[PDB]
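Take a look at the structure set out below.
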Amino acid sequence: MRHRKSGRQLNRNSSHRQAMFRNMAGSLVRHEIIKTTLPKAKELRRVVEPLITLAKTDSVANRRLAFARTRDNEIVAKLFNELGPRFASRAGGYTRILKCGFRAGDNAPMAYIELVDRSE
Amino acid sequence: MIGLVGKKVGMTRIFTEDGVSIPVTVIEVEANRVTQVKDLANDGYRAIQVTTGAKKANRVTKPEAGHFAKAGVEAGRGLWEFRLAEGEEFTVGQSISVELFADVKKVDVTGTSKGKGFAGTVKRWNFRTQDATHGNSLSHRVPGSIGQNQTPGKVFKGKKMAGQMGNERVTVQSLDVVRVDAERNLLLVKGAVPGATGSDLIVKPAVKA
Amino acid sequence: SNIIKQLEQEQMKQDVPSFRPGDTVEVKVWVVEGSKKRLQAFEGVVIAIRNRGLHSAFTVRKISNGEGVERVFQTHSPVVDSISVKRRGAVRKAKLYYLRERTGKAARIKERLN
Amino acid sequence: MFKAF
Amino acid sequence: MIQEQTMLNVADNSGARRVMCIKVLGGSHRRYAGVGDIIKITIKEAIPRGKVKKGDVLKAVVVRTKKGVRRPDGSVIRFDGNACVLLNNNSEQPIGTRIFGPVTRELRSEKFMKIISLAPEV
Amino acid sequence: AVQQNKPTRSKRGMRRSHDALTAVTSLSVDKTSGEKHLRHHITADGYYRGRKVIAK
RNA sequence: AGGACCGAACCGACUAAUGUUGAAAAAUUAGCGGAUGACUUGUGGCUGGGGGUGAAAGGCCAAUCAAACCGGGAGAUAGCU
RNA sequence: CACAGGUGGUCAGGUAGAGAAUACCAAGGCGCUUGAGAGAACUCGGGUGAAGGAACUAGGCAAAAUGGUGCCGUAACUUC
RNA sequence: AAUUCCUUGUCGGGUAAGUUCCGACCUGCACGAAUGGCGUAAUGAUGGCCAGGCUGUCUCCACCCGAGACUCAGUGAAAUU
RNA sequence: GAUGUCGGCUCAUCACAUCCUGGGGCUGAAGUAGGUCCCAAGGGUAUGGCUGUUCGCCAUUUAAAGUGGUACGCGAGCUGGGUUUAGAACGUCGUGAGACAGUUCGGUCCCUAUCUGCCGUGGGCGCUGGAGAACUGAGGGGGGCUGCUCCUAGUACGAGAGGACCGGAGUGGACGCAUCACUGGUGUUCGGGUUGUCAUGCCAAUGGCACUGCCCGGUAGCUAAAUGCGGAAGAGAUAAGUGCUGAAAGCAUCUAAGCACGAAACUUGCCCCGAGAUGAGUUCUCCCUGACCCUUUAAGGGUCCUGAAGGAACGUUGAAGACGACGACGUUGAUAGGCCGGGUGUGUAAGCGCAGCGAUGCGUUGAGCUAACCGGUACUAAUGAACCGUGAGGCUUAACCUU
Ligand SMILES: [Mg+2]
Ligand SMILES: [Mg+2]
Ligand SMILES: [Mg+2]
Ligand SMILES: [Mg+2]
Ligand SMILES: [Mg+2]
Ligand SMILES: [Mg+2]
Ligand SMILES: [Mg+2]
Ligand SMILES: [Mg+2]
Ligand SMILES: [Mg+2]
Ligand SMILES: [Mg+2]
Ligand SMILES: [Mg+2]
Ligand SMILES: [Mg+2]
Ligand SMILES: [Mg+2]
Ligand SMILES: [Mg+2]
Ligand SMILES: [Mg+2]
Ligand SMILES: [Mg+2]
Ligand SMILES: [Mg+2]
Ligand SMILES: [Mg+2]
Ligand SMILES: [Mg+2]
Ligand SMILES: [Mg+2]
Ligand SMILES: [Mg+2]
Ligand SMILES: [Mg+2]
Ligand SMILES: [Mg+2]
Ligand SMILES: [Mg+2]
Ligand SMILES: [Mg+2]
Ligand SMILES: [Mg+2]
Ligand SMILES: [Mg+2]
Ligand SMILES: [Mg+2]
Ligand SMILES: [Mg+2]
Ligand SMILES: [Mg+2]
Ligand SMILES: [Mg+2]
Ligand SMILES: [Mg+2]
Ligand SMILES: [Mg+2]
């Protein structure tokens, strides 16, 4: 059964699944918009968005905590220096998912995921 | 005897002065409003149709709205019927609350049980599993034999096999009414009842008596 | 769950003292022998506590007449009359199940001299 | 292939 | 939960140290004996010069179990080991003249009042 | 394990009666770009709900 | 010193599961035996079918062995299907 | 067969280690030529388990368990 | 008894209960002395039996992590008839 | 030109020549307990030691541990211990190769389900206008076991010993259903400890890998060992059986006419499915009130206008689920995520200071972190539409409403 459970297995083990989202989370921070499969984008919200909330308050402990979850100082600097201040007023919902058809290689349903403040 | 429709709030413990702990399922029974009364001369049997709760008017269909408007009642979660005995009579639009069970000692609670989905014979029918070792080959929890060779040459009706389990109407009988709280529309019954939290629930006086 | 929450809150004991795992706690529990009620004391080390509001409970371990005994008390049950902290112990864990494998000197617990 | 003697 | 082949310590001074349960009495297909239940036992180890000897087949009443005992309020009482008191096969009365270790309240029956009177604790 | 008789043309046809595909009921029309697209999906030129969400 | 001991490489193949239209016409995985010797291995050579070789199982002699393989007698014979 | 097989030599880094075992790495080389979802039964490869502990079974099959260094200590039987 | 048909021979030990096992008896159907008799320390992936530890082997299964099964896209078999 | 064999395991189904429970007649039936026969198949109807065994003996239970059929039920379900391939040996027979319902040690169990069958779950069409709901219940299935203690009562009975029927109450075993409040398991998505090594420049702090590296705890969910409930009363017609009145047959006679009682069997009562019940049922609401054209002039075809109730599709999703299906919701919005608060779990984070040569300790501090949970919040995603479905619904007869 699967009653009241959360988190997609995505046909991966725990180690691979954790590593993949760490890489994907850094990509979304580095590139404000990325293209991924629809189910993967839905799971990425539960990983990237907490990091942005963590970046709301700038402190040594928070930066180290963010580093432990991203293992990329460039991402940590991006989160606390730019993303944190930009989303300081938003109460969640820092990312938006847009469906963009299906993948030619395997017909997988794709979707764009981007930060809501990409406007320039 | 007429019953009421409620919702499964959850399970809770009730302590008593003597030191006994009574596990009680909390059932909320809002005002049950009678929507239609079935008459022998018109429907062939005596019964009442009632509705409980409320639902957003945006999702109320026109044919459903007219039925409620006929009795001058607000749309509810759904419609349920209760058969009437010889001495029972009700009027359309009447509101029935949990005080009906104030003098009732035993009740029968019916509801849709939890849905287990496709279940094997071991879980569904308590089939004994075969040896996990000692040479067993891909038959650790398979059903096993299902017939008796040529003579019957077939599988009989009702053979116990894997299939959908749960998610069906189930009735539990002779549950003690621990407490009736009319001020809060709450009914406490000793023991568990079918269904998950928030599922529709039907409570009737114990027919077994 | 507001309905459930207030139902339990209305019957939760208010005089529950503060204690931690590893503390030596004496529990007064009502016992009935015929028509007369009585109080008997159960003193031991608190090895486990679960906080669940009205469903909170704690486990007390003692060695009685050479036999280890563990009692799981329902914190808010009327059966237990009172709880008293005789001594405070210093432990690094919430659960002290490892004490089940120890006796005598090995089972000693340091005092929490805050 | 089973036998029968 | 005491089954067949389960080894239990002896809570009385009858001379037996530990016994094996060979039958859970009181029903058909019954497989568990709790506190206060009678079980057929065989003595596996005993002291010399005791009133019982190794290999004897008797019946005993379970007084302590690891699984524990459930109280009306939901509390549980557990012991570090399983213990029993030997009883006469024909009269099912206690054989030993003393009881060792604590005893549990569900022995409060007219047929076990002797054990409670000798019980050091409750 | 294996068939004892050869299934007919008829049997094959009725088994495939449920294999037919279903066409999309309709295509949404963007309020600004006017291009047809799957509902709740961005258009070919990156428009969605009247906004050019995608740069390309 | 050792057909000595424990144990990798190396050479074996005792148990179990999987596989059995297999990844594989004999394997994989986890254990297992020998591991300075009657050991193991590379290259080349010799023994040819009623013969070879065989610490001997009728084992092996090119996925074939109580008489190899290829061609020939040959369209053997078949009171049988 | 772009096949979980078979195939003789030479080179032999770092930390821990008795070690060419094993673990993580360097130089270097790879992710094994269908993917994307779902998280039913059942099958396969594994993890954990209340109380009991061979009651299983043809049989403790399989699993679990023991597991290293020094030091103390070690019986019958021995062809010593 | 790797030998005993009668046979689960009889007696003793082990177990609450032992057609197996160990010891003994001799009524050896049908042991026996280099196609060797009887012993034998050590050795054995050897046969039988018992005990401690150990455990999902089991009472009685429960949950969980992965690869299939299931759905979608691509490619696309087989025995049989 | 193949129907695999004993026994075990799993799963069974039927018969009644009935093992237990139920109802009776006799008894050399005082009571308790038995013997024998009749009715009764609804439910129930042991775990172990030895042996490959079925069987059997033995140990200890039980209300009882029934007898049989079903390819001596069941290997395209499992096992392979026993017989019965090739190896080897003993005894025995034969000069010998070999041989033995003689014995010993070892010894490959293949098949992706087309059909029937069965367990589940959908699509299509039908039910005569269409649509949304709630129902009647023809039919079918599930369930049906039983111990002990107490009271009646140490009463009836009996010289004593011993010890009830009939009726009540309580508490159990086995089995079934439901559920997580409790007690627990699991909890590789939550904390913490720790070994080796590598990396982030280094210290500090962290991360990767080693079965989740090895471990200690644990939220939700699932779950049993956990805790609630269930078997029935009652009614109808009866079996064996017991009767009332009563002739044939002046009597007698339960029977021929006519009445009464009578069991876990039967029909109901209880639970579940159920109008594909084509015999396709009933009740309550909702929706549609246009133009014409053609001849093969009839339940006829076609164009224009129209597109309702409702459905579907898509999207966010569920304690619903293999996929379909089913339930919730789509801005007039709490469906999911995030966010805020709280609760849980872990157990005093990091940084800094103070003590110590140091490991480390202490203060800040029950700190930090915290998954699925609880109560909230439109911050993100659930689009304005399109699509399907129509336009008053056949004939005959009858009864009313009428002209
Ligand atoms: Mg996949
Ligand atoms: Mg890992
Ligand atoms: Mg479900
Ligand atoms: Mg196999
Ligand atoms: Mg297996
Ligand atoms: Mg068969
Ligand atoms: Mg037939
Ligand atoms: Mg050697
Ligand atoms: Mg190997
Ligand atoms: Mg070696
Ligand atoms: Mg031979
Ligand atoms: Mg060959
Ligand atoms: Mg010729
Ligand atoms: Mg020819
Ligand atoms: Mg390849
Ligand atoms: Mg290596
Ligand atoms: Mg799985
Ligand atoms: Mg266990
Ligand atoms: Mg057995
Ligand atoms: Mg083994
Ligand atoms: Mg192991
Ligand atoms: Mg034994
Ligand atoms: Mg002997
Ligand atoms: Mg001889
Ligand atoms: Mg050897
Ligand atoms: Mg495909
Ligand atoms: Mg044939
Ligand atoms: Mg009946
Ligand atoms: Mg047979
Ligand atoms: Mg068989
Ligand atoms: Mg065999
Ligand atoms: Mg023969
Ligand atoms: Mg460091």
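In the structure tokens, the first chain shown is A, the next is B, and so on; residue numbers restart at 1 for each chain, and ligands run from 1 in the order shown.
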Checklist line | Shell around residue 2 of chain F at 9 Å using only C-alpha atoms (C1' of nucleotides), local window under 2 positions removed, as a PyMOL selection string | finding: (chain F and resi 4) or (chain I and resi 79-80) or (chain J and resi 111+113-114)
Note to self: Neighbouring residues of ligand 16 are defined here as those with any atom at most 10 Å from a ligand atom, counting only C-alpha atoms (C1' of nucleotides) and all ligand atoms; list them as a ChimeraX atom specification.
What the structure shows: /G:8 /H:20-23
Those selected residues, please, written with N, CA and C atoms (P, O5', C5', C4', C3', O3' and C1' of nucleotides) and delivered as a PDB file, in the first residue's frame.
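Below is the file that was written, part.pdb:
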```pdb
ATOM      1  P     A G   8      41.349 -16.942   1.075  1.00  0.00           P
ATOM      2  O5'   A G   8      42.394 -16.122   0.197  1.00  0.00           O
ATOM      3  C5'   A G   8      42.300 -16.098  -1.220  1.00  0.00           C
ATOM      4  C4'   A G   8      43.012 -14.901  -1.796  1.00  0.00           C
ATOM      5  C3'   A G   8      43.334 -14.965  -3.281  1.00  0.00           C
ATOM      6  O3'   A G   8      42.236 -14.608  -4.102  1.00  0.00           O
ATOM      7  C1'   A G   8      45.252 -14.275  -2.090  1.00  0.00           C
TER       8        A G   8
ATOM      9  P     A H  20      50.433  -5.478  -0.862  1.00  0.00           P
ATOM     10  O5'   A H  20      49.932  -6.301  -2.130  1.00  0.00           O
ATOM     11  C5'   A H  20      49.271  -5.650  -3.208  1.00  0.00           C
ATOM     12  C4'   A H  20      48.526  -6.628  -4.082  1.00  0.00           C
ATOM     13  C3'   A H  20      47.792  -7.742  -3.337  1.00  0.00           C
ATOM     14  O3'   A H  20      46.595  -8.075  -4.037  1.00  0.00           O
ATOM     15  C1'   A H  20      49.350  -8.693  -4.819  1.00  0.00           C
ATOM     16  P     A H  21      45.193  -7.428  -3.604  1.00  0.00           P
ATOM     17  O5'   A H  21      44.739  -8.303  -2.355  1.00  0.00           O
ATOM     18  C5'   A H  21      44.372  -9.664  -2.515  1.00  0.00           C
ATOM     19  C4'   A H  21      43.496 -10.131  -1.384  1.00  0.00           C
ATOM     20  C3'   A H  21      42.276  -9.270  -1.095  1.00  0.00           C
ATOM     21  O3'   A H  21      41.189  -9.550  -1.959  1.00  0.00           O
ATOM     22  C1'   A H  21      43.402  -9.743   0.927  1.00  0.00           C
ATOM     23  P     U H  22      40.432  -8.359  -2.726  1.00  0.00           P
ATOM     24  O5'   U H  22      39.800  -7.490  -1.554  1.00  0.00           O
ATOM     25  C5'   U H  22      38.840  -8.046  -0.670  1.00  0.00           C
ATOM     26  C4'   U H  22      38.581  -7.134   0.500  1.00  0.00           C
ATOM     27  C3'   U H  22      38.294  -5.680   0.158  1.00  0.00           C
ATOM     28  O3'   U H  22      36.953  -5.457  -0.241  1.00  0.00           O
ATOM     29  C1'   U H  22      39.897  -5.772   1.884  1.00  0.00           C
ATOM     30  P     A H  23      36.614  -4.348  -1.352  1.00  0.00           P
ATOM     31  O5'   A H  23      36.655  -2.977  -0.547  1.00  0.00           O
ATOM     32  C5'   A H  23      35.723  -2.724   0.492  1.00  0.00           C
ATOM     33  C4'   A H  23      36.073  -1.482   1.269  1.00  0.00           C
ATOM     34  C3'   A H  23      36.309  -0.226   0.449  1.00  0.00           C
ATOM     35  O3'   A H  23      35.106   0.397   0.037  1.00  0.00           O
ATOM     36  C1'   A H  23      38.022  -0.445   2.056  1.00  0.00           C
TER      37        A H  23
END
```
Next item on the list: Residues of chain B near chain J: apply a cut-off of 6 Å, count only C-alpha atoms (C1' of nucleotides), and supply the list as a PyMOL selection string.
Entry: chain B and resi 11-13+23+43+62-63+66-67+136+139+144-146+148+154-155+161-164+191-192+194+196
Note to self: One decimal, in Å: what's the spacing between atom CA of residue 30 of chain F and atom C1' of residue 317 of chain J?
What the structure shows: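 These atoms are spaced 25.9 Å apart.
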Notebook entry, point to check: Using only C-alpha atoms (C1' of nucleotides) and all ligand atoms, which protein or nucleic acid residues are at most 10 Å from ligand 27, as a PyMOL selection string?
Noted result: chain J and resi 1-3
Next item on the list: Would you please extract all strand (DSSP E or B) residues from segment 10-193 of chain B, as assigned by DSSP on the backbone, and give them as a ChimeraX atom specification?
Entry: /B:10-15,21-28,32-38,47-51,80-83,95-96,106-112,115-119,163-166,169-181,186-191
Next item on the list: Just the helix (DSSP H, G or I) stuff from segment 7-47 of chain A, please, per backbone DSSP, written as a PyMOL selection string.
Entry: chain A and resi 14-30+38-47
Generate the output file for the selected residues, C-alpha atoms, as a PDB file, in the first residue's frame.
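Everything below was put into part-v6.pdb:
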```pdb
ATOM      1  CA  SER A  14      17.948   6.487  -2.022  1.00  0.00           C
ATOM      2  CA  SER A  15      21.586   7.418  -2.664  1.00  0.00           C
ATOM      3  CA  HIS A  16      21.100   8.091  -6.380  1.00  0.00           C
ATOM      4  CA  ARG A  17      17.834   9.954  -5.807  1.00  0.00           C
ATOM      5  CA  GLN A  18      19.388  12.259  -3.207  1.00  0.00           C
ATOM      6  CA  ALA A  19      22.423  13.002  -5.380  1.00  0.00           C
ATOM      7  CA  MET A  20      20.329  13.720  -8.479  1.00  0.00           C
ATOM      8  CA  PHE A  21      18.227  16.402  -6.792  1.00  0.00           C
ATOM      9  CA  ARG A  22      21.322  17.980  -5.249  1.00  0.00           C
ATOM     10  CA  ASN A  23      22.730  18.365  -8.762  1.00  0.00           C
ATOM     11  CA  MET A  24      19.388  19.483 -10.198  1.00  0.00           C
ATOM     12  CA  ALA A  25      18.845  21.957  -7.356  1.00  0.00           C
ATOM     13  CA  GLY A  26      22.191  23.589  -8.095  1.00  0.00           C
ATOM     14  CA  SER A  27      21.344  23.763 -11.793  1.00  0.00           C
ATOM     15  CA  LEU A  28      18.084  25.612 -11.123  1.00  0.00           C
ATOM     16  CA  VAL A  29      19.880  28.096  -8.870  1.00  0.00           C
ATOM     17  CA  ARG A  30      22.710  28.512 -11.386  1.00  0.00           C
ATOM     18  CA  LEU A  38       7.310  16.597 -15.290  1.00  0.00           C
ATOM     19  CA  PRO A  39       7.478  14.215 -12.280  1.00  0.00           C
ATOM     20  CA  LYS A  40      11.077  15.248 -11.582  1.00  0.00           C
ATOM     21  CA  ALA A  41      10.098  18.926 -11.583  1.00  0.00           C
ATOM     22  CA  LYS A  42       7.343  18.272  -9.039  1.00  0.00           C
ATOM     23  CA  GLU A  43       9.819  16.623  -6.663  1.00  0.00           C
ATOM     24  CA  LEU A  44      12.390  19.388  -7.183  1.00  0.00           C
ATOM     25  CA  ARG A  45      10.017  21.867  -5.523  1.00  0.00           C
ATOM     26  CA  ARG A  46      10.356  20.055  -2.192  1.00  0.00           C
ATOM     27  CA  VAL A  47      14.168  20.372  -2.394  1.00  0.00           C
TER      28      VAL A  47
END
```
Notebook entry, point to check: Residues at most 12 Å from residue 22 of chain J, counting only C-alpha atoms (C1' of nucleotides), excluding those fewer than 2 positions away in the same chain, as a PyMOL selection string?
Noted result: chain J and resi 18+20+24+39-40+42-43+263-265
Check: What separation in Å, quoted to one decimal, exists between atom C1' of residue 2 of chain H and atom 1 (Mg, counted along the ligand's line) of ligand 15?
Finding: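 Between these atoms lies a distance of 5.3 Å.
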Note to self: as number ranges by chain, please: the residues near residue 37 of chain G (cut-off 12 Å, only C-alpha atoms (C1' of nucleotides), same-chain neighbours under 2 positions excluded).
What the structure shows: G: 2-4, 34-35, 39-40
Item checked: Contact residues around residue 71 of chain I with only C-alpha atoms (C1' of nucleotides) at 8 Å, ignoring same-chain residues under 5 positions, as a PyMOL selection string -> (chain H and resi 37-38) or (chain J and resi 323)
Checklist line | Expected answer as a PyMOL selection string: residues within 8 Å of ligand 6, only C-alpha atoms (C1' of nucleotides) and all ligand atoms | finding: (chain B and resi 149) or (chain J and resi 74-76)
Please provide the set of residues having any atom within 7 Å of residue 115 of chain B, restricted to only C-alpha atoms (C1' of nucleotides), with same-chain residues fewer than 4 positions apart removed, written as an mmCIF file with N, CA, C and O atoms, in the first residue's frame.
```cif
data_model
loop_
_atom_site.group_PDB
_atom_site.id
_atom_site.type_symbol
_atom_site.label_atom_id
_atom_site.label_comp_id
_atom_site.auth_asym_id
_atom_site.auth_seq_id
_atom_site.Cartn_x
_atom_site.Cartn_y
_atom_site.Cartn_z
ATOM 1 N N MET B 165 -9.352 -6.183 -2.259
ATOM 2 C CA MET B 165 -9.625 -6.369 -0.843
ATOM 3 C C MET B 165 -9.969 -5.025 -0.223
ATOM 4 O O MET B 165 -9.321 -4.014 -0.511
ATOM 5 N N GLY B 166 -10.989 -5.017 0.628
ATOM 6 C CA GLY B 166 -11.417 -3.789 1.263
ATOM 7 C C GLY B 166 -12.158 -2.872 0.300
ATOM 8 O O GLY B 166 -12.581 -3.259 -0.789
ATOM 9 N N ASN B 167 -12.303 -1.621 0.735
ATOM 10 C CA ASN B 167 -13.001 -0.598 -0.041
ATOM 11 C C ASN B 167 -14.419 -1.051 -0.385
ATOM 12 O O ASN B 167 -14.885 -0.915 -1.518
#
```
Next item on the list: May I ask you to write as a PyMOL selection string all residues lying at most 9 Å from ligand 1, with only C-alpha atoms (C1' of nucleotides) and all ligand atoms counted?
Entry: (chain A and resi 10-11) or (chain H and resi 35-37)
Note to self: Just want the residues within 10 Å of ligand 20, written as a list in words, counting only C-alpha atoms (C1' of nucleotides) and all ligand atoms.
What the structure shows: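 Listed by chain and ascending number, the contacts are residues 15, 16 and 31 of chain G; 60, 61, 62 and 63 of chain H.
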Next item on the list: Pick out the residues no farther than 10 Å from ligand 22, counting only C-alpha atoms (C1' of nucleotides) and all ligand atoms, and list them as a PyMOL selection string.
Entry: (chain H and resi 54) or (chain I and resi 15+18+49-50) or (chain J and resi 49)
Please save N, CA, C and O atoms (P, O5', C5', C4', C3', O3' and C1' of nucleotides) of the selected residues as a PDB file, in the first residue's frame.
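Final output, saved to part.pdb:
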```pdb
ATOM      1  P     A H  54      14.732 -25.189  20.445  1.00  0.00           P
ATOM      2  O5'   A H  54      14.418 -25.906  19.060  1.00  0.00           O
ATOM      3  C5'   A H  54      13.078 -26.126  18.635  1.00  0.00           C
ATOM      4  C4'   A H  54      13.027 -26.871  17.326  1.00  0.00           C
ATOM      5  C3'   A H  54      14.038 -28.006  17.188  1.00  0.00           C
ATOM      6  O3'   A H  54      13.487 -29.050  16.388  1.00  0.00           O
ATOM      7  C1'   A H  54      14.416 -26.418  15.494  1.00  0.00           C
TER       8        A H  54
ATOM      9  P     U I  15      17.771 -37.448  29.074  1.00  0.00           P
ATOM     10  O5'   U I  15      16.541 -37.346  28.069  1.00  0.00           O
ATOM     11  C5'   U I  15      16.467 -36.299  27.114  1.00  0.00           C
ATOM     12  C4'   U I  15      15.205 -36.383  26.294  1.00  0.00           C
ATOM     13  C3'   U I  15      13.914 -36.594  27.070  1.00  0.00           C
ATOM     14  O3'   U I  15      13.409 -35.408  27.656  1.00  0.00           O
ATOM     15  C1'   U I  15      13.978 -38.080  25.242  1.00  0.00           C
ATOM     16  P     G I  18      10.053 -43.904  23.776  1.00  0.00           P
ATOM     17  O5'   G I  18      10.309 -44.119  22.220  1.00  0.00           O
ATOM     18  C5'   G I  18      10.597 -43.015  21.372  1.00  0.00           C
ATOM     19  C4'   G I  18      11.472 -43.409  20.208  1.00  0.00           C
ATOM     20  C3'   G I  18      12.464 -44.534  20.489  1.00  0.00           C
ATOM     21  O3'   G I  18      12.685 -45.295  19.301  1.00  0.00           O
ATOM     22  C1'   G I  18      13.646 -42.557  19.955  1.00  0.00           C
ATOM     23  P     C I  49      20.618 -38.919  11.621  1.00  0.00           P
ATOM     24  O5'   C I  49      21.093 -39.005  13.138  1.00  0.00           O
ATOM     25  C5'   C I  49      20.578 -40.006  13.999  1.00  0.00           C
ATOM     26  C4'   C I  49      21.238 -39.979  15.355  1.00  0.00           C
ATOM     27  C3'   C I  49      21.171 -38.668  16.116  1.00  0.00           C
ATOM     28  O3'   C I  49      19.919 -38.438  16.737  1.00  0.00           O
ATOM     29  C1'   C I  49      23.361 -39.527  16.237  1.00  0.00           C
ATOM     30  P     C I  50      19.437 -36.936  17.033  1.00  0.00           P
ATOM     31  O5'   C I  50      20.317 -36.487  18.282  1.00  0.00           O
ATOM     32  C5'   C I  50      20.131 -37.092  19.552  1.00  0.00           C
ATOM     33  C4'   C I  50      21.168 -36.640  20.549  1.00  0.00           C
ATOM     34  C3'   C I  50      21.206 -35.154  20.859  1.00  0.00           C
ATOM     35  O3'   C I  50      20.194 -34.739  21.758  1.00  0.00           O
ATOM     36  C1'   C I  50      23.401 -35.934  20.508  1.00  0.00           C
TER      37        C I  50
ATOM     38  P     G J  49       8.908 -33.787  16.543  1.00  0.00           P
ATOM     39  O5'   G J  49       9.292 -35.086  17.374  1.00  0.00           O
ATOM     40  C5'   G J  49       9.998 -34.982  18.600  1.00  0.00           C
ATOM     41  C4'   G J  49      10.243 -36.340  19.204  1.00  0.00           C
ATOM     42  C3'   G J  49      10.646 -37.428  18.225  1.00  0.00           C
ATOM     43  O3'   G J  49      12.018 -37.381  17.884  1.00  0.00           O
ATOM     44  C1'   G J  49       8.941 -38.241  19.634  1.00  0.00           C
TER      45        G J  49
END
```
Margin query: If the limit is 9 Å from any atom of ligand 23, counting only C-alpha atoms (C1' of nucleotides) and all ligand atoms, which residues qualify? Return them as a list in words.
Written below: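 Result of the 9 Å neighbour search around ligand 23: residues 1, 21, 22, 23 and 24 of chain I.
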Next item on the list: Give me, as a list in words, the contact residues of chain A against chain B at a cut-off of 12 Å, counting only C-alpha atoms.
Entry: residues 1, 2, 3 and 4 of chain A
Next item on the list: Tell me which protein, DNA and RNA residues are within 9 Å of segment 3-16 of chain E, counting only C-alpha atoms (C1' of nucleotides), leaving out same-chain ones fewer than 2 positions away, and put them as an NGL selection string.
Entry: (:E and (1 or 18-24 or 31-33 or 41 or 43-54 or 62-65 or 81-86 or 94-102)) or (:H and (52-53 or 55)) or (:I and (59)) or (:J and (47))
Notebook entry, point to check: Which residues sit within 12 Å of ligand 18, counting only C-alpha atoms (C1' of nucleotides) and all ligand atoms, listed as a ChimeraX atom specification?
Noted result: /H:48-53,64 /I:55-56,58-62 /J:185,225
Take the selection from the previous step and output its residues with C-alpha atoms (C1' of nucleotides), as a PDB file, in the first residue's frame.
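Contents of again.pdb, freshly written:
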```pdb
ATOM      1  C1'   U H  48      14.831  -5.326  10.466  1.00  0.00           C
ATOM      2  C1'   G H  49      11.651  -7.804  14.038  1.00  0.00           C
ATOM      3  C1'   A H  50       7.622  -8.293  19.649  1.00  0.00           C
ATOM      4  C1'   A H  51       7.217 -13.417  22.638  1.00  0.00           C
ATOM      5  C1'   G H  52       9.107 -18.423  21.829  1.00  0.00           C
ATOM      6  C1'   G H  53      13.962 -20.734  19.937  1.00  0.00           C
ATOM      7  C1'   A H  64      21.727 -16.572  11.876  1.00  0.00           C
TER       8        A H  64
ATOM      9  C1'   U I  55      18.631 -17.576  14.609  1.00  0.00           C
ATOM     10  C1'   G I  56      11.950 -15.824  10.351  1.00  0.00           C
ATOM     11  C1'   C I  58       8.944 -22.764  12.188  1.00  0.00           C
ATOM     12  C1'   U I  59       4.293 -21.177  15.673  1.00  0.00           C
ATOM     13  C1'   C I  60       2.722 -16.821  11.948  1.00  0.00           C
ATOM     14  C1'   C I  61       3.952 -14.074   9.332  1.00  0.00           C
ATOM     15  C1'   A I  62       4.504  -7.954   9.336  1.00  0.00           C
TER      16        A I  62
ATOM     17  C1'   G J 185       7.011  -4.375  14.978  1.00  0.00           C
ATOM     18  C1'   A J 225       1.383 -10.330  19.240  1.00  0.00           C
TER      19        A J 225
END
```
